[PDB]
Every structure is written in structure tokens, then in C-alpha cells.
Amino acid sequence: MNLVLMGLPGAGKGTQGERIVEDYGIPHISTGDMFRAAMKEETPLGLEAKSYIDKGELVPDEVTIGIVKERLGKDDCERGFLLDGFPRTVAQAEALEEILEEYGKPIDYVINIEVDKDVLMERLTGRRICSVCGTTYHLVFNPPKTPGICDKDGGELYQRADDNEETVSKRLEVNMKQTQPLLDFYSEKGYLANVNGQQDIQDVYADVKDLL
């Protein structure tokens, strides 16, 4: 099961991805999560990406395509994987097509999680993420059982640095204007399937579960 989960910032890609990878036993590959892990370790990669991430802008395709190419080559991606947040530009999608062609692991489905921008904005200014596993929570829509700590490992929850109102605005704009070409690319390939992300976790996962 080779899957790509797309959708604007805050649509629930990570939330749905965790559930999918838990039920299918495949790697959850988030370019955003890989970047932040690189930032925490202070790797040369993290420093480079941080400049763009902090401003809400896209990290250059060269670097982004490069890390995904490497990652998708690992043995854990042999019988499936879930790409989250990649590709988010047509150039990345075309590069991905060739990369998977070479590995012999073409995309099965491209699920787009559709959510109104107003909803997106509220989901981002009330989000808290775990400092050890990256899972996310929402103070209103999906709060941690114990305020301030991750339900799973118990790590402290924090507000992502790029979740500040000003940056949330830039991110939404930056990504909205890239959707049309991406949706057109995948509708053309015939991998595209849309889902109404404006429901409760279970319903969205329910609408997703049926497909897979």
C-alpha cells in the first residue's frame, strides 16, 4: 500500500497518518517531522530547513526531494509507506514518480483531506505537539488526557514554533496556491481520492478506512 496523504496545513494529515500506519504496519514518512527531527539534532539539514520553516515557506525542492529519495529506499518501505506532506509541489510530484518508478513502488492512492481555511486556522492556534514522538493534540478538539503531557510516552507538550498566528497565515497561503497543480497532476494519474476532513477524527478515518 503506497499512499500519499495531502491537504493544507492543519487538515489532519498527521492525525490520520498515525491511525493508518497503526492499522497497516507501514512507515509514516512526514517531511515536516523529518525536518524538525533534523532541527532538534542540530544536523546541517535542520539548520538549512529551519530558515524556511520558521518563516512558513517551503524548503527548497533539491533538499526535500533528496531526503525523501533516501528515506523511501529503506527496507521498511518494501511493502508500503504513507507519505505525509510530500509532495507539495508539482516538481516534487514529478520527481517522486521517477523515484518510485526506479524502486518499482508506484503510488497506489493519493488521499486529499479537504478542510475549509477557517477551520484550518482554529486547528493550528490551539495545537500542542509532543516533544518526544511528535504526535499532536488540540486544546479543544482533541486534548491530552493530562494537560501538558503526551498520552503515549508522557513527554511535555509544546506549541510548535511555526504555529504562531503570523506564520500560520504564511503557511496557509504558501500551500493553498500549490494545490491546483498538485490535484491536477494526481487526478491525471488517476490516484486521486478526496475526503471531507471537516468531521471528527473517527469519521475522517472511517471515510479513509473504506478505501484502503
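The first residue of the shown sequence is 1; numbering continues from there.
Averaged over C-alpha atoms, is the B-factor higher for 131-139 or for 84-92 in this PDB entry?
Looking at the recorded C-alpha B-factors, 131-139 comes out higher on average.
Quick check: 4-12 versus 202-210, which has the larger average CA B-factor in the record?
The recorded data point to 202-210.
Say you rank 60, 181, 66, 154 by Cα B-factor from the PDB entry; which sits at the top?
Checking the PDB record, the top C-alpha B-factor among 60, 181, 66, 154 is at 154.
I'd like to know which of 49, 174, 149, 34 has the highest C-alpha temperature factor in the PDB entry.
Top of the list by C-alpha B-factor: 149.
Which third, lowest, middle or highest, does the C-alpha temperature factor of residue 169 belong to within its own chain?
Residue 169: CA B-factor falls in the middle third of its chain.
Report the third (lowest, middle or highest) to which the CA temperature factor of residue 39 belongs, ranking only the modelled residues of the same chain.
It falls in the top third of the chain.
Check where residue 188 lands among this chain's C-alpha B-factors and tell me if it's the lowest, middle or highest third.
Ranked within chain, residue 188 CA B lands in the middle tercile.
If you rank the chain by CA B-factor, which third does residue 119 end up in: lowest, middle or highest?
Within its chain, residue 119 is a highest-third residue by C-alpha B-factor, going by the deposited values.
Which third, lowest, middle or highest, does the C-alpha temperature factor of residue 26 belong to within its own chain?
Lowest third.
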